Structure formats: structure tokens, C-alpha cells
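Chains as they are written, first to last, in the entry's author numbering: chain D, 260 to 487; chain B, 9 to 196, 205 to 487; chain C, 23 to 616; chain M, 155 to 205.
All C-beta atoms, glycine included, are put in the ideal place defined by N, C-alpha and C.
A short write-up of the structure that comes next.
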């Protein structure tokens, strides 16, 4: 991070930083803190691990005078695939959103096995928008998220109550989910997509529903684009 | 008499107090003295800050010539070369008298009604002396709360311990005020008094209590012990002691039937947990100290009904289950000590029912001792069963009606569906200032049981059914 | 006198040869004069807590003690400023050092000593007796706050001897001499006050006036009062950062502060750069909104000892403003981020945790902070009245009911707006759970309601019971399927959905619905209740609702579009529309039964 | 009506049997396991504080 700071703020160039195993960093912290006896924190991690990590994650962003920036993408490995573990839990309160990688999608041969439901990007709503992307970028994502959740709930319901108990919304949502996970997320390891191509490919799916069932989407947007 | 002899040998002699200036450490809420002459465990001291202000304290431990004091109002500002500590001489005592009814005291017994000092009749230790379990006698007769849901489906025999379980947002602090304002003896005032203790309450709630009791006449009997949230968190374990000492003075030395209400025992438990960690004790289950059962018992079991006296003491704590967890340590430990409980339901609260009592899980373990001929009407013990059965039948019918429709319901379920909502909207629903006697609530209960034909009510005795049914 | 350093471990320093130090008292550590506060005393040692970062402290470095606890400076110039945790000006530091970093051990007066202020003496003349809290002057600061009223600091009194005339002044020119036992007192345009001792007040009162947040659901079901507490579990779906602009730009607050205690760092940069461009139009045109604001920023990497000392600074400033008969409203950012730092300090000192590691006095520490709120009648010769209405915010660390912070807060707060994951997952904004939430102020508000809108309470009760019945039937209708439901029940289902979709749903990123007034909400609420009652009546008189819905038709759409009558149209030009809508609905239901 | 009623009763009884036999016990076992794990963690925290 010191090298990145020097390059970005005293040489005026755009840097991108990657940190592989913050878990293997917290582990060393725990070991050294256990060497010298101390009042342990949760699961034996030191109490000040939050303020230790904050000093790492909090070097980023632009500054008024310079024309450089630093972007951080620290990889991280949850021990038992739970966000409740102290490391990911604390890192959730310092960074701005996550990019979850899920085991179940991976088992089904889906790449990248990203799970969008628990992911987040707290700066999306300012980086997207009219004059900087397509005007509909702020509603397609919301609609897709809502329908993904509804279809997931329907699929959960099918187990103990049977398909016949499903309703028209649930009849459509399973199809939407099964085509979504297999078409929109699935992507080669070298395939490159621009934002516009992805937006069109997403509009393709939403045509499955009739206009009246899309309610998280603006009336004006639904008219200029749904007809194509 | 003998009073003239004991008073003189107690008073009319003065004892000077040592004044130390040898503070040798401050570690959080504790102040450590160094060279004390014959310290005494559980004493009261008076720190004098270098600014001339005064505080209180209590010795927690003693070593060879060393005392560990804990300050009530906080430890900020005390240095090590100018503060001075003075030892009063003995433990905390409450000046008690028979004419303090109608007064309002704060956590540590200091009146806050802009009146004078209590002008004691005696000083009493604020704890100890368990009741000999050979002078105890079993409860009898009724204490009329004045609430239909509590004086018909359940009951409070004078000499009982009935906790009221509530939740975070429920209006238990209004039901408590209503009970205090309306409670009394079943008639067919005049040796009846109330003692009220509020622990860890909002200031607005303190104002509400004060004004409500002032303006409704309940203060001619009661005696309040307030303890706000900013008050020292150690006074919160003194308040119930003071309240119960006052109660068992009045009841067992002036022959009064007393009613005691304690609010937010959960706040008391929190205070206990905080105080325990000050002495570096390893916490027990869920963080609460392992010996909390002993304290809860020593507080609850100061009530009863004894042989050689006409007085009595009835208890009514009020809990607050943290997350509606009946398995939480506080209610679980309360279960093994007290008999019965009154449950307050959230679901009824959203529907607008007041008081939002639910009767399916509620229970009074001594009801049969406070009903029947002599202390109430002779139909009490069977209406309170018929109503309980038909309420459950109505809940079952309402829950199943939406599955098989309503045409697939027998006649009994059809009738019960219309009995249930009337029961929940005319019987349980009671206004804040609407007072009902135990009789005009039994009559209302009859007005609901006449919906069914005389044949269906198969739990009421035929003798009872013959007389009361037709009116 | 000077001590010396004897040990160093992280942010905890153990000086020695220190006798006479108070239990809390600012000191100066090292050659950089780092600021610290004594925490523990034993003999002559004195465990110090350093608010800077300790690196390079050599044993033997001198330690100096000042002789008074952490104090904040109060007076003119508090508005439009940005402060760190312990009230050091930020932009002044930046344009003084010319850098972008914070030079360690830097002292700058919290209030500019170089700006001239206009003074106007009050109504006191020599020979009078003056007590702590009296007003004896008035300074003109902005156009939005035309009279900053000077106060004699509490704990000070006497008979005055010389009062300066009107003119121009700065913050270092004495303008009052008070004699009590000798003229040993001169008073400038400011003073100081310890941050842990609540400011004295003549007498507390009861809050009987609502806070108009603008969200229909809050203003309707769970109202808040001017001078009360609150707790707002939020995740940016609940709208923590959308309500923040409303509470200032629309609510009637004479002032407002803001305490970011543990902010991300980029969102703080957003706040700092987007408040200065917000504009209001109350009282004609007073365009800028920073003339009425003060902000206490604190990034997540600042010294942990300085995160605890933030909310005390904020609440002290709010109380000072209340002492002039204003209506402040704190907005705390994160209570959880504060308790975490508090636990870290406790563990560092060496303590025995209770519960999930917390120091076991968290409840008694939170209560003291919360119960500084509330209306009050100020202290001083001219009668006044002000209020401070804190609005906290907790972050649900997984279980939104099991974390000790929420448990502690739920015992002392008067309002609660719980967060539900489902309404967020469906992207239903604002996402607040009506099944688990409450507002104890719903009783004391009827005195205002009846004099203003005497029908509002019963309508609220009816709406709540309809909603509750909806979820009550939800389990059975999902486990079996809607095939045996009666005709009066499907009405409840399709009215509960209508309400959940067109009343409790709101988006502040528009113009028609960004701040719904109270009359508009009352009208919408009455219309919905009337529609439900009419449908129930239609089925009662006998008609299959499956076809009655088709027959009625557009009257179902009109209410769903009722949320588009822009308040800009006025107040009567919406009332007329609602009247005609209700009349048309009644006529349509009357004529459709044949 | 006979045929339709036979079908409906068959399906409902089958579903009830399935729920009774291979749903409730699974969830009960899961609850017991989680309950044991919580105490397992509590013991370790207690031991650390004791040390």
C-alpha cells in the first residue's frame, strides 16, 4: 500500500491494488496476539482487529489536488462459508459492498459462480445514471433482483407443497430463474461484454413478463424500451 | 413500656467518626483506602471531592488494613491527595414510620416531593431475617384487581406471587398504573395500602406515574420509590430492598393488607450483572452471574401470610422477556419461585385490544383458594372453566375456517365463531379508566355464555346451571 | 509540574511521578504535546489514554498536566463548520498546513479568533445582579439565524460592574466584569463546558408536537414527537441517507447537527460535498442549508479513543443550542460503531467482559447519552423553551434483535423502526417492519390531532388491524391455497395488498412524492379506509366480489393513483380533488349493486 | 365425484404422511445439533476468561 500511495499521489497515475488472503493476515495477527497474553476477543482474535484492518482498507479514493486514484480488490476466504465469521463480518463494516462467490452455483458448473442476492455496491447509484450510462440502468437491476428473489422463494416453496400449489407468478418465476442463472451469469473466462450488450441481454429476459407485472420499473422507461 | 427502654439504649449516645485522607488508588468505579483502623464490611462512607462536593459509597472488600470503596455517583474528579473519606459506622438503614404514606422517594430513600424528612419512628436494616417457615399459613380470600381478564379467568389470593410477563413494546407500564389505581379488597381503604417501586424507567414515565397517582387519589395510600435511568446504576439494587422493608414493616407491625408492585426486574438483573463484574467474577450462563437465583429468591420470598398477625403481603413483579424468550434465564428462574403468570400478547396489541392479555397460556396456581362461597359468588369456579374451553374451541374454529370454508363447520363451531369475537371485543376490551367490580364482570361473562343453549355448556354443574342461566 | 513516561503499549501510556492528577484530566504527552486523558490511578502512576497515534515515544519523555477534563468550546462560529471527534476544525487545519495530511500534535482554536462579530447588549445595566444562564447580548451571525444569544455560563453569578457597549468585537475582547468577592471575572464571547456532565436545566417538560419526517408510513403508524428518541435500523434500503435531507430541509428545526461516528470514508466525502449544494425555501428564500448545520466527521481509521468522544461533543453542542430556545435535532450515524470502540477500550485496559464481549456497563452508558433528550424550559432570567430530539441508528450485526446494542437500546427508547429483510429483498422502500415496531407517543399526540385532524387515530387503528389480519391469513392461504376463502376475506387480502403497494411504498427520488405533508396523508388514509368499507358493504348486501371488482374497476385505480397529487398544487386544490374522488367512489358503489 | 374425491383424499393423505414422517424429525435433529454447538462455543469462551 505504501508503494501504491507513492505511485498514485506523487506520480499522478491510476493504480489498482489486489490483496489475496486477508484471512491469512488475521491468522498471523491472532498468533502474535496470543503469544503475548491479552484479553482475547471473539474466537481468540484480538479486540483491536477492527482498528487494525481499518488502517489497511482505508487507503483508497481520489484527493483534491492530484489526478491519481487507488482501487482495492482484496480477495478473502470465509472459513466455513458463513458471513458471520469475525473476519468477513468486520470487513463488511469497513468496505463498500461485497462480491459474493457461492458454492452451490459452482457445483452446478456455473462460471463465474457469483451469487447476486447477498452482494452489494454502495457506490452504484452514483456511478450509473443518465449522461454516464443508459438511462434504464437503475431499474433493470432492481427488477432482476426482485424477480430473482421471488423465483428463489417459489423454488423453496415447491419442496414441501408441490408444483400444483404454485401460482402464475410462481409458474413464470421458475422459468425466469432457470434461464437467468444459465444465460445471464454464465460467461466464458475470456468473453468480454460491454455494459450495453449486457443491458440488452437482460432486457431479453424481462420480455417474458407482461408489462403489467413489471412494477419496480418506471412507466416512461417501460414504454421507450419494452416495445423493442 | 418496653419501647421507652429500647429507644434510650439505642439513641441518646453519640459516636465520633474517623476521617481518612489516605486514598491510594482509583481503578474504574472503585476507590482504595490504605491505612484503615478496624474496617467493617458493608459500611457507608462519604467522599469529599477536592471541590467540596459530597458523594456516597459502600465497602466491597477488606484486607488487613485496607478497604475497597465503590462510589455511587461516579468516580470522575477524585484525586489521590485531597479527597477524604469518612466512615459513618454501620450499614444502610431506612427511617421508617407509619405516616409516610403519600410520600415520594428516590432510589436511596431521599424524599423528592419538596417535603420534610420522614421524622422516623425507627431505623430498620434494609434486608435479612428470613421468615421462619413455621409461622407461614396458606393464602385465602381475594384481592380485587378490577380488571375483567385478571379477576375472572385468573385470581390473586392475598399472599401470592404472580409475575406479569411482558415484551419490549407492550404497554405494561399502563396496566401497572391501572392496577395500582383500581386495586382493592372484594367488598361484600380500611386497612389496605400499596407500595410501588419503579426501577430503571424513562423520565417521561416517571412524570406519568407521578401525575397520574397525584390526580387520581391513589397517593392517599401509596408510597413511590422512583429510580430513573441516569441515577447511579448501583442504587438500582437498593430500591427493591427499601420497598420490601417498608412493606413488611407496615404489614407485620400495623396489620395492613399490602400490595407490592415491582417494575422491570430485567433492569435489576442488568444492574446485578454490572455490579458482579466489578469484583472480577467469571460470568455464568448468558453473562448473568451464577448466584442470581439466590438474590431473586431473597427478594420474592419476603411476602406471605403469617400466623400471629392479621396482615399480609401480595407480590406482583413485572418482567420484560428480551426477545420473547421464555427460555431466557430471568423468566426461567422466576418460574421456579413464583406460582402462576399473566401473559401479555403482542398479536392482540396490534389488533387494538386493551388490555392485550391472552388467557390460553396464563395460569394462577392458587385460584381455587380465593373463590367459592364466602369471598365471592358460587359460580366463579365454573364460568372460569367454561370460558377457557370455549375460547380455545373458537380459536380452533377460526384457524380452520379458511381451510374447509364455513359450510363444513358444525353448529357448535358456527356459534363459537361469533362467541369468540364478542368475547374479545366486549369482555377483555376494557377502558383505561373503566372500573369493573368482580360481580358486574361475572354477570357480563354470563351474558356471553347464554349464546349457547343450556344443553351445550357441559362443564358447569347442573345446580349452578339451574339458577343463573335464566335471567 | 512534569512527570515522565514509564511504559508504552499501543495507545495506553503509563506516566510516573504524577501526584495530584484528577480521575479524568487532559495532559500533554511527549515532545509533540499529544493530548491524552488519565484513566486509572494507582500510587503515583497514571494510565493515560492518547488521542493521537503513539509512535516514537521514548521513556523519560516529559508529561504535562493541564487541570480540567475534556471540554468543548461554545459560542459564535459553530455553524457551517466541520469538526473531527474532539472538535478540531478541519478546513482551517488544511489551509493552515497547506498539506492533505493531519500533522500530529497540532492545536488550532476551535472558533476563529480573527473574525469580527457585531454585538448588541441586552437589557442589563450596571449595579444589577446576574445569575448563571441569563442572556445579556445578541450577535448577528447569518441571515438564517439572525440572533445568536449570549449566555452567562452556568456555575457563575454575581453583580455586574462594567458591560461593554455595542460595536464590533472578536472572541478575545472581554465584554463583561462580574464582582462576587472581587472582580476576578472577565467574560468573552465564548466559554467551555465539560462534555460528560449534562448541562443544567430549570425543568423538563412533556413533548406534544410531532416531527414531520415526510414518509407516510412513519408519520401515520409510528409517529415521533419533537423532543423524543428513536432508533432506525437501516441499510440504505430503509433510507438512512434519504431521510437525512428531509429532516433538515422540511422539518421545522431551528438548527441541526450530525455525528458520523465510524463512517466508511467515501460516503463521508459524499456528505461533505453534497450538503453545501442543498437548498431550502422556508421563510421566503434562505437558499443555503449549511447556515443551519454543524457536522462532526469521523473516518473509520481515526484513533479509537477519539471515536468515543464524538457523540458527547455532538450532544453538548445540541444542548447549548437548546439553551437559547431553539429546537435542535441530533442525527447520530451509528451507535454500534460506537459500542465497538467502547468495547475495544475496555478490553485494552483489562476488564472482564459480560455478554458478547461487551464491558457489561453498556446499558448504563447508553442510558446517560439517550436521556439528555427531551423538551425543557431553559435556565435564565428571560423565559425560554427548547428541545433536543436525538435520532440514533443501529446496524444489525446479523440478528437484528440478539446483538447486545439493540437489547440495551430497546429498554430506553420511545420509538423503534425495525428492519425486515424481505421488504428489502423485493426492493420495497422504505423497508420497515410493521409487525415488530412501536411508538409510545401515539397517546400524547391526540391533543394535537383532535384540534387538527380529529379522525386520524381511528383510521390508524383500522389500517393496523386490516394489515395484521392480512399476515394472519397469510400462513393458511399459502399452506393450502386460496380456494375456500370467503368473499369478505378476499376483500381484506386485496385491500391489504393495495395498501402495502400504494400507501406504504414511497420513493424520495421523485418530485410528486419526496415529502408527503400531513393533510395529504390523512386524505389518502381516509380514502383507503372508505374504499375497504364500501367493498365490505357491497358484499354484505349480497354480490359476488369476483364480478363486483370488474364492475367497479376504475375506482380501484383512482386510489392507486391518488399518490400523484403533487403538494406544489397547494392545499385546497388537493382537498377538492380528494372530495370529488370520494364522492365519485360512493356514487359508483351505490350504482353498481343493481 | 367419487373418482375426484378419491384422488384428492389420496394426495392429501400422502402429503400429510410425508410431512409427519420425513420433515419434523429432520428439523428437530438440526435444532438439537445447533443447540449443542452453542454450548460448545460458550465453554471455550468461559475457559479463556478463566485463564
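What's the gap between the Cα of residue i and the Cα of residue j?
i, j, result
"residue 79 of chain B", "residue 365 of chain C", "22 angstroms"
"residue 257 of chain D", "residue 330 of chain D", "Chain D is shown only over 260 to 487; residue 257 of chain D falls outside these bounds and no answer can be derived."
"residue 196 of chain B", "residue 391 of chain B", "8 angstroms"
"residue 203 of chain M", "residue 219 of chain C", "34 angstroms"
"residue 115 of chain C", "residue 91 of chain C", "23 angstroms"
"residue 596 of chain C", "residue 363 of chain B", "37 angstroms"
"residue 333 of chain B", "residue 378 of chain B", "15 angstroms"
"residue 262 of chain C", "residue 309 of chain B", "43 angstroms"
"residue 401 of chain D", "residue 438 of chain D", "18 angstroms"
"residue 604 of chain C", "residue 465 of chain C", "29 angstroms"
"residue 459 of chain D", "residue 405 of chain D", "18 angstroms"
"residue 508 of chain C", "residue 561 of chain C", "10 angstroms"
"residue 44 of chain C", "residue 84 of chain B", "8 angstroms"
"residue 228 of chain C", "residue 321 of chain C", "36 angstroms"
"residue 327 of chain B", "residue 349 of chain C", "53 angstroms"
"residue 332 of chain C", "residue 485 of chain D", "51 angstroms"
"residue 214 of chain B", "residue 351 of chain C", "29 angstroms"
"residue 185 of chain C", "residue 80 of chain C", "50 angstroms"
"residue 418 of chain B", "residue 567 of chain C", "17 angstroms"
Starting from the beta carbon of residue i, find every residue of chain D whose beta carbon is closer than 8 angstroms, and list them in chain order.
i, result
"residue 202 of chain M", "299 and 303"
Among residues of its own chain, excluding the 5 on either side of residue i, which ones have a beta-carbon nearer than 7 angstroms to its beta-carbon?
i, result
"residue 104 of chain C", "112, 113, 294, 317 and 319"
"residue 58 of chain B", "87, 90 and 91"
"residue 413 of chain D", "425, 429, 432 and 433"
"residue 184 of chain B", "277, 279 and 334"
"residue 334 of chain C", "217 and 218"
Residues in the same chain with beta-carbon distance under 8 angstroms from residue i, minus the five sequence neighbours each way, listed in chain order, please.
i, result
"residue 480 of chain B", "394, 395 and 398"
"residue 28 of chain B", "41, 43, 44, 92, 93, 94 and 95"
"residue 549 of chain C", "581, 584, 600, 603, 604 and 607"
Does the Cβ of residue i lie closer than 7 angstroms to at least one heavy atom of the ligand COA?
i, result
"residue 80 of chain C", "The ligand COA is not among the ligands present in this structure, which contains no ligands whatsoever."
Against residue i, what residues of chain C qualify as contacts under a CB-to-CB distance less than 8 angstroms, listed in chain order?
i, result
"residue 326 of chain B", "In chain order: nothing, as chain C lies at least about 40 angstroms away."
"residue 330 of chain D", "Those within 8 angstroms of residue 330 of chain D in chain C number zero; the least Cβ separation is about 12 angstroms."
"residue 424 of chain D", "503"
Can you name the residues of chain D whose CB is closer than 9 angstroms to the CB of residue i?
i, result
"residue 380 of chain C", "The premise fails here: residue 380 of chain C is roughly 11 angstroms from chain D at the closest Cβ pair, so nothing lies under 9 angstroms."
"residue 349 of chain C", "Chain D residues near residue 349 of chain C: none, gap ~32 angstroms exceeds 9 angstroms."
"residue 177 of chain M", "419"
Can you pull the chain M neighbours of residue i, defined as C-beta to C-beta under 9 angstroms?
i, result
"residue 274 of chain D", "Within chain M, no residue comes near residue 274 of chain D; the closest Cβ sits about 41 angstroms away, beyond 9 angstroms."
For residue i, count the other beta carbons within 10 Å of its own beta carbon; 16 or more makes it buried, fewer makes it exposed. Which is it?
i, result
"residue 304 of chain C", "exposed"
"residue 385 of chain B", "buried"
"residue 454 of chain D", "exposed"
"residue 145 of chain C", "exposed"
Got a sec? Which residues, its chain only, sit under 6 angstroms from residue i by beta carbon, not counting five neighbours each side?
i, result
"residue 554 of chain C", "517"
"residue 353 of chain B", "313 and 316"
List the residues of chain B that residue i touches, going by C-beta distances under 9 angstroms, in chain order.
i, result
"residue 438 of chain C", "176 and 177"
Contact residues within the stretch 74 to 91 of chain B, judged by C-beta distance below 8 angstroms to chain C: Against chain C - using a Cβ distance shorter than 8 angstroms - the residues of the stretch 74 to 91 of chain B are 83, 84, 85, 86, 87, 88, 89 and 90.
The stretch 353 to 372 of chain D: positions lying closer than 9 angstroms to chain C by Cβ: Those residues of the stretch 353 to 372 of chain D that come within reach of chain C (Cβ to Cβ, closer than 9 angstroms) are 353, 354 and 355.
Selection of the stretch 420 to 433 of chain C by Cβ proximity to chain B, strictly under 8 angstroms: Here the close residues are 423, 424, 429, 432 and 433.
Positions along the stretch 260 to 294 of chain D whose CB lies within less than 7 angstroms of some CB in chain M: For the stretch 260 to 294 of chain D, the set of residues with a beta-carbon nearer than 7 angstroms to any beta-carbon of chain M is empty.
Chain C contacts made by the stretch 377 to 408 of chain D, where a contact means CB separation under 8 angstroms: Going along the stretch 377 to 408 of chain D in chain order, one finds 381, 382, 385, 401, 404, 405 and 408 with a Cβ nearer than 8 angstroms to chain C.
Residues of the stretch 348 to 369 of chain C whose Cβ lies closer than 9 angstroms to any Cβ of chain B, in chain order: Residues: none.
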